[PDB]
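Residue numbers (the entry's author numbering), protein chains in the order written: chain H, 17 to 29, 35 to 40, 58 to 65, 76 to 81, 91 to 140; chain I, 1 to 25; chain A, 373 to 510; chain G, 1 to 47, 67 to 86, 105 to 116, 127 to 148, 159 to 173, 206 to 270.
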């Protein structure tokens, strides 16, 4: 059997898995390790018109600024938004 | 080694940032 | 025990509502300071509650004409002071009453000559109270 | 003993009765939310000390049973994180604790009954979701009983008040009659 949940929602009680690494799951997951994810969502709820705004905003803080590991947090946010 | 793990950082901070980026979208 | 039979129509149009809201407040008042997470409905009863209570406070040696009484009671009853800090209400009313007596005697006469608060009077009192409230709370 | 003393106590225990009842009702709603949130938390859960409880008392043997970090302001004051319990725990709460870094928590059974890398944050979260469900039930329980005890004390005190009230009147009259005779 296959179990697939976020800390708040249960989806399931072949599985394509991104490695975790922000990406699509085909039976969108944020991260984690039964498939465990910090944020697992549709797919219907995601926008996506505002993720482009989030990607550009993250690429704006990157050309800051500057101080290491700040910065490394900005790049992670860019990786999550690109996916 | 992954870039975020050089000066810092944990995978807990990685997942925390990725999870929030999903919510904000 | 004589009750309503001893009141004018102007007072009778506001005294009933006030009596009911204070009665509902008295049921909840004990935990007014012990209910940070209780629901909005009982939060509103408490909020209307110690506002009407503040409006029942009165200084000595200046008894009020009935039309002046109902103009203050109406303001609390129809909800115009729910956002005003409790501790400021007594000093608000003093300033408010001085202001209406001096400048809006025409309004106070209308509540007396007509024996109630009309829609026209209600609209004028709304403008005066709300704009006066914002200046006073600064 | 004396009417003035009983008068103050009576007003005091009357206020407590009301507050305890309202506290029971808030905890009942908080537990209702927690039990709903515990369902998907358990299925997620399946896959140094340091001690898990909360900041708030009046929940019986929640803090004492579980009692250098400790999550809950009661943990450190009896034996460090504050502001826990009032808002339902989240995975973000577990992350904060894990980043600052057995596990001792109260496991939920029923309204009456409770017992004492990334997976590190999962275990802290599991303990949190169980703890608050147990804590909210236990507070609901204890406050229900406290409000009942307050009720019985109000009755007992009111009876003492009224016996004393009558005795004072009778005694005064007997002194007056004796002086007149």
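Virtual Cβ for every residue (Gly too), placed ideally from N, Cα, C.
- Message: Suppose you measure from the CA of residue 102 of chain H to the CA of residue 24 of chain H; what does that come to, to the nearest Å?
- Response: Taking the first chain and counting its residues from 1, the one referred to as residue 102 of chain H is at position 45. Taking the first chain and counting its residues from 1, the one referred to as residue 24 of chain H is at position 8. Going from the Cα of residue 102 of chain H to the Cα of residue 24 of chain H covers about 15 Å.
Can you list the residues of chain G that residue 24 of chain H reaches, using a CB-CB cut of under 7 Å? Taking the first chain and counting its residues from 1, one reaches residue 24 of chain H at position 8. Neighbours of residue 24 of chain H on chain G, chain order: 40.
* Which two residues bound the contiguous alpha helix (DSSP H) that contains residue 76 of chain H? -> Along the first chain, read from residue 1 onward, the residue named residue 76 of chain H stands at position 28. Element bounds for residue 76 of chain H: n/a, residue is neither H nor E.
Practice item. With DSSP as the reference, please indicate the residues paired to residue 93 of chain H in a beta bridge. Key: Numbered from its first residue, the first chain carries residue 93 of chain H at position 36. Answer is H/21, bridged to residue 93 of chain H.
Q.
Within a Cβ cutoff of 8 Å, which residues of the same chain sit near residue 482 of chain A, ignoring the five residues on either side of it in sequence?
A. Locating residue 482 of chain A in the third chain gives position 110, where the first residue counts as 1. Within the same chain, residue 482 of chain A has close Cβ partners 490, 492, 493.
_In the DSSP output, what is residue 172 of chain G paired with across the bridge?_
Translated into the one-based positions of the fourth chain, residue 172 of chain G becomes position 115. In the DSSP output, where bridge partners are listed per residue, residue 172 of chain G has G/164.
Quiz item: In the region 118-129 of chain H, which residues sit with their C-beta less than 7 Å from some C-beta in chain I, listed in chain order?
Solution: 125, 126, 129
Quiz item: Of all the options A/456, A/437, A/495, A/467, which has the alpha carbon lying nearest to the alpha carbon of residue 485 of chain A?
Solution: Counting from one through the third chain, the residue named residue 485 of chain A turns up at place 113. Of the listed residues, the one whose Cα sits closest to residue 485 of chain A is A/437.
Checklist entry - What residues of chain H sit near residue 43 of chain G, judged by a beta carbon separation below 8 Å? => result For the purposes of this step, residue 43 of chain G is taken as the residue at position 43 of the fourth chain. Result: 19, 21, 26, 29.
Where does residue 11 of chain G land, buried or exposed, given buried means 16+ other C-beta within 10 angstroms?
Indexing the fourth chain from 1 puts residue 11 of chain G at position 11. With a 10 Å radius around the Cβ and a threshold of 16 neighbouring Cβ atoms, residue 11 of chain G comes out exposed.
Status (buried if at least 16 other CB within 10 Å, exposed otherwise) for residue 441 of chain A = Within the third chain, numbered from 1, the residue matching residue 441 of chain A stands at position 69. Flag for residue 441 of chain A reads buried.
- Query: Cα-Cα, which of A/414, A/398, A/495 is closest to residue 425 of chain A?
  - Reply: Reading the third chain from its first residue, position 53 is the one you call residue 425 of chain A. Answer by Cα proximity: A/398.
Name the residue from G/116, G/246, G/18, G/112 whose alpha carbon lies nearest to the alpha carbon of residue 401 of chain A.
In the third chain, residue 401 of chain A corresponds to position 29, counting from 1. Minimum Cα distance to residue 401 of chain A is reached at G/18.
- prompt: Whose C-alpha, out of H/127, H/40, H/26, is nearest the C-alpha of residue 7 of chain I?
  reply: Here residue 7 of chain I refers to the residue found at position 7 when the second chain is read from its first residue. Here the closest residue by C-alpha is H/127.
- Taking contact to mean at least 3 C-beta pairs separated by less than 8 Å, is the region 469-480 of chain A in contact with the region 411-430 of chain A? no
| field | Buried versus exposed, by CB contacts within 10 Å (16 or more), residue 132 of chain G | value | Position 85 of the fourth chain, counted from the first residue, corresponds to residue 132 of chain G. Label assigned to residue 132 of chain G: buried.
For this session: Give the straight-line distance between the Cα atoms of residue 168 of chain G and residue 15 of chain G, rounded to the nearest whole angstrom.
Result: Position 111 of the fourth chain, counting from 1, holds the residue named residue 168 of chain G. Position 15 of the fourth chain, counting from 1, holds the residue named residue 15 of chain G. Going by the C-alpha atoms only, they are around 26 Å apart.
In whole angstroms, what separates the C-alpha of residue 147 of chain G from that of residue 21 of chain G? As a working mapping, residue 147 of chain G is identified with position 100 in the fourth chain. As a working mapping, residue 21 of chain G is identified with position 21 in the fourth chain. Distance between the alpha carbons of residue 147 of chain G and residue 21 of chain G is about 38 Å.
(request) Could you please give the first and the last residue of the uninterrupted alpha helix (DSSP H) stretch that includes residue 257 of chain G? (result) Taking the first residue of the fourth chain as position 1, residue 257 of chain G is located at position 168. Element bounds for residue 257 of chain G: 207-269.
**Request:** Report back the beta-carbon spacing between residue 110 of chain G and residue 140 of chain G to the nearest angstrom; my notes put them in contact at under 8 Å.
**Result:** In the fourth chain, residue 110 of chain G corresponds to position 73, counting from 1. In the fourth chain, residue 140 of chain G corresponds to position 93, counting from 1. That belief does not hold up - the Cβ atoms of residue 110 of chain G and residue 140 of chain G are roughly 14 Å apart, past 8 Å.
Q.
Quick check on the DSSP output: the beta strand (DSSP E) that includes residue 27 of chain H runs from which residue to which?
A. In the first chain, residue 27 of chain H corresponds to position 11, counting from 1. Residue 27 of chain H -> beta strand (DSSP E) spans 26-28.
Exercise for review: Name the two residues that bound the continuous alpha helix (DSSP H) containing residue 23 of chain G.
Suggested key: Locating residue 23 of chain G in the fourth chain gives position 23, counting from the first residue. Per DSSP, residue 23 of chain G belongs to the alpha helix (DSSP H) from 3-45.
Terminal residues of the continuous alpha helix (DSSP H) containing residue 476 of chain A? Numbered from its first residue, the third chain carries residue 476 of chain A at position 104. Counting along the chain, residue 476 of chain A falls outside any alpha helix (DSSP H), and DSSP gives it neither H nor E.
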